[PDB]
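Encoded as structure tokens, here's the structure I'll be asking about.
To keep things simple, chains are lettered A, B, C, D and E as they appear, and every chain counts its residues starting from 1.
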Amino acid sequence: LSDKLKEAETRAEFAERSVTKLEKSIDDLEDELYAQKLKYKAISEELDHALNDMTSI
Amino acid sequence: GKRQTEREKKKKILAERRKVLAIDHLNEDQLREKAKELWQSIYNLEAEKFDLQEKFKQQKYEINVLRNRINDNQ
Amino acid sequence: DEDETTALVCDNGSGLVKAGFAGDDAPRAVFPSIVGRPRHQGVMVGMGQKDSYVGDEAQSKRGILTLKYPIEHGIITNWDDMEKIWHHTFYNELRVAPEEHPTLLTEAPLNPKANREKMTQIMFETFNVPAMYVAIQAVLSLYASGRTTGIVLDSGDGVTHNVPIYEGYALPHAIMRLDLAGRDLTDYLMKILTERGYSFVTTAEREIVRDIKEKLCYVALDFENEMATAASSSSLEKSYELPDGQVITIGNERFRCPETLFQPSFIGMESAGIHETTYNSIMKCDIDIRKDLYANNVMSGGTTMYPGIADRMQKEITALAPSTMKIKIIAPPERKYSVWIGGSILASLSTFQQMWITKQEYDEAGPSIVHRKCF
Amino acid sequence: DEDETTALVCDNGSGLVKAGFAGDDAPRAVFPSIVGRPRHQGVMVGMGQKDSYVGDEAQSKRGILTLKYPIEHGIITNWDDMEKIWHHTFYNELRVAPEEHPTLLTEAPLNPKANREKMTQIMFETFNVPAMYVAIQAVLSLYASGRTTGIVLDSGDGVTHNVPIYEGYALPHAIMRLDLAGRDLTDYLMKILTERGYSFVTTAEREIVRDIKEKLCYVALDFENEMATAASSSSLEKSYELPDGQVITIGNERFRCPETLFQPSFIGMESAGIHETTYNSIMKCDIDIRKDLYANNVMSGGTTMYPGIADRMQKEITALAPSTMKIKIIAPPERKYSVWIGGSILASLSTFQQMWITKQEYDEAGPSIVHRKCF
Amino acid sequence: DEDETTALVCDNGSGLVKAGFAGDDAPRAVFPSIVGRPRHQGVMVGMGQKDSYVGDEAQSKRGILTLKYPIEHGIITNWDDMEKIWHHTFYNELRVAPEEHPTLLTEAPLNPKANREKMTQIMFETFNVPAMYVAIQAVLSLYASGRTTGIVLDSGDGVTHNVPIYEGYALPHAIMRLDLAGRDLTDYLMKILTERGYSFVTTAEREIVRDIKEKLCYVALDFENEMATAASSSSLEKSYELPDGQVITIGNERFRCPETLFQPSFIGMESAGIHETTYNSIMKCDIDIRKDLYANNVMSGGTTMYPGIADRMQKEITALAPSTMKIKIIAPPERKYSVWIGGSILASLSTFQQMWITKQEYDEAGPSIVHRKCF
């Protein structure tokens, strides 16, 4: 039973480290995705102003 | 590890003699006489120190004397 | 025991021999690559006169037997140990003779010609084998991964191979082998533990600390920050219980042991870390496929069983390469056996049954010609 | 030491720096292009605090100093190494300051603009030099050859330039540079020797095997036939004695090392061999002068010191071109220094003394305008 | 007694403490590293109540005092013995306080961190010392040798260190310590003398036989041949006269005692002999400098005072290494004190006077930071 308990402790230590790394990676990927979305919408606003002046021609 | 504790005890031995002082329950006149007892403690302390100093000097002469004996019967 | 005439897949990887029949999903006979030699001479009567232990028989007794590694950095040192480990695997575990089925062996990339000719000669002349075949590990690992693109990083015990394969295409010019792996990490942990205070200088303890590393040692996500926060340790240091009972206390050393891979300067070698060498290899490839190599990088080897390698690789590559593209790193579960698994799925094809090398053609051609035929 | 106000000819060729005063027939200060950095940090007291070795001082100690190449393929990687090698050549060997005589430097064909502007700026702003001049190597080599017609093949250490000049006329459109030279040959020999069995992965051994190649490696007159006759070797394989004493045995590999030049496919590059690229360059020229280019082809570069290049070139060109005309290939003795020799005979003319670029006009014009003035 | 404000060089080597002022050529206070402790309790009145003897005071009386070794294999066992030996050296022989001059101590390579922090704390907190410095023995020995290249073999009493230094460059990765030295040789001689017939099991006799070994025991030039010719002894066996008067007769055992160094199997350890370990260390170094390490090998330690070590080393290395180069072994006279001598010449430099560690910075930083500053 001591061997089994030590095996379980290592298994969960591994799974918990995996949990923390996956959560950190998820947070980072969300940050990247929505920053990129913001950049896309910003260049969209640039196109909006550009078309407005082009109509102003 | 006990030697580190020995140095810690050296500081702890200096620490033991000092105790918290309370100036809130005392009035104007009593504090003065209490200051005087603190002063006498100071006096007392230096006296013993002085003694030690003089003894130290004496002891050093002893050492010197002792050394000569081993240099005369070798 | 076996009713199918199929090749025996025997992965003789450095540190662990994994043998089993083709078609299986995992090796049945898994034992370390070690040979135990009787050190002294006993006047006792009745014990086994066997002069050469192997495998679990040697692992069970490491205090009496001087331990010798049958493979070093990749180059085969002693051939008697080779004959011992194959003869043992054949006539002690599998309970089958090699005279009835083929044998698909797996060798490391960029190995000496003497090694290949020697093993082939022992497998043809001495043992009567109908057919042999040498295969590189990286291809079989990519097979088991279920893809055709990516750079396989195989970190065994004494050698580390980086092999790029894009669209099912090998690149023999870019394969660069570097002898940094589990043995140099065991040596680094041993010298730093000797620095801690517990000094040992025998191989049995070395194997014990190797097992301790396999069980506990992990990779750090930020080396210097972990050093600072471990200066005042609380939960960062762990107290391990030796199988003998002696209470060992190991703190930061864990996540500083594999760090030697990222900083070879610790062992005073001008070689670059595994990540930097892989990055340089990517520059050596063409630009067109570099993004695909970034998106399909695969890992192999037992050394990759440590927790925290994927994240460390991602941060290091992101710091080295631009951060505009997408650089996903994929590590298939049970990657260590994946190589062997590949062997199994490679031995069931009829075409592969047509690509074997029989005895007669080898005998007339000779071993060197056989080397030309394979590549 | 010098009583004549003449430019210092300093050929900074890739792999070997050759510096000397104008008028001489050979460079006095010849040292490899390498920079040795202290790898570790010593607690020792008294040794030179110098943090940057160079030249023979680095060659004498290659085990302690990590070696970095100051030039790669042609593009200058680090400028600190540039300042180090010139400052060393000025204040350690020649024992003369650049503030008293000009300096005729030689640069490779088709080099980056950043390289030229950088070296010119270090030679004008930092060091006080009365006048600078950049010159292409091919023209000076053709000068030293004593002709005005032919195609110069300059094979340095990391780059190979084919430059056609007919009747003294340069062709900046046909100059094609290809980064195949001595370093890629050293890498090929290293990987094939690792295939033989002796594996190394450090730069000091790389330089040692480079020297071994320079001394022994030659070009084959018939690759496949030599392969067949070397299969059963007797006098074809030679046993070399390493300067350390280890007995190395090298057979066919020698005459298969430079063969990579003729078959770039060995390094997995779509580029064509040096002979085929030269042949294509000849087609790119006009037909009228093609025969003259066939009859006046000249070679340059240290890599051409191998025995058997002239015959191999003759057979390959005869197999590619018709065999009706006459295709004589001329290689002047001591061709490697010939370039530098040219510099010497180019710095003694009064007209060339009138074609220098003084500080003031460069300062007002700026470096870019200086680039326009030269070409 | 001392009119110069210079550091006291106190080499606390295992087995013999050698203390003296800087500038001298030999230690004035030389005494064994032993602590004699009152075993019984006496009802007598008038004798010294001192509860802890040290040095010659303990050597003069070994029958009453149980002897304890203050150092074992390198790791400090008891710190009270440390405080005893320094306090004794300060206030019984040198007749000088540590509050007036620095102190340059010498420690063994690859020692525990606890040892260093402990000695530094006893030298700063308890004793008021203006400045401390820890130094490795190998560097000072190479200094006293008057060179900058070679591999120092320091064989003390309970530990043996092989330290390669080429062109004044330490190699902390190659330093390998092995606990085979004079104590294990004394134990081997004791058990083989017990096998001869004279059995003893007390430490005083152990020290006596240690002295007998130091005086008589030598190294053999050919072990098996000496065994054969000693089978019929005549002049090969010698009759020694014990200081007590008992007539001891010792024959071949002499030149078989240090042989255990060359064959650790005698003590049932898988470790390799000192010569084979040094040879392996040489392979671990780079090839370029290996010849220089062969030509500049230096020895240190009291154990090297036996006659016949140089020749044995030469034959063993010649049998192991090739016999084409030149392998000269140099042993400077009075090598044992050379280390200490180095200390003296190291404490007279003004720069070294600038590399000391004062109390205040250590107190704020703490001992661990001090460890980082030194290395």
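Keep this in mind: contacts are C-beta pairs under 8 Å (C-beta built on N, C-alpha and C of every residue); 3 or more make two chains touch, one makes a residue touch a chain.
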Fewest touching-chain hops separating chain B from chain C
2
Considering only mean CA positions as chain centres, point out the chain farthest from chain C.
B
Work out which of C-E or D-E repeats the contact pattern of C-D, with more than half of the residue-numbered contact pairs in common.
C-E
What is the distance, in whole Å, between the centres of chain A and chain B, each centre taken as the mean of its C-alpha atoms?
67
Please work out the Cα centroid separation of chain B and chain D, and write it as a whole number of Å.
83
Between chain C and chain E, what distance separates the C-alpha centroids? Give it in angstrom.
42
Averaging C-alpha coordinates per chain, one finds the centres of chain A and chain E separated by a number of Å equal to 61
Residue numbers in chain D touching 2 or more other chains?
40, 202
Which residue numbers or ranges of chain A touch two or more of the other chains?
none
Check: chain B positions touching at least 2 other chains come out as none
Provide the full list of chain pairs in touch.
A-C, B-E, C-D, C-E, D-E
Which residues of chain B touch chain E once you look at their complex with the stated criterion?
2-4, 6-7
Using the touch rule from the top, collect the residues of chain D that touch chain C in their complex.
39-40, 66, 191, 194-197, 199, 201-203, 231, 266-268
Could you please specify the touching residues of chain C with respect to chain D in the complex?
73-75, 110, 112-114, 171, 173-174, 177-179, 265, 268-271, 368
What residues of chain E sit close enough to touch chain D in their complex?
139, 166-170, 285-291, 322, 324-325, 349, 351-352, 355, 374-375
Mind pulling up the chain E residues that touch chain B in the complex?
79-80, 83, 118, 121-122, 125-126
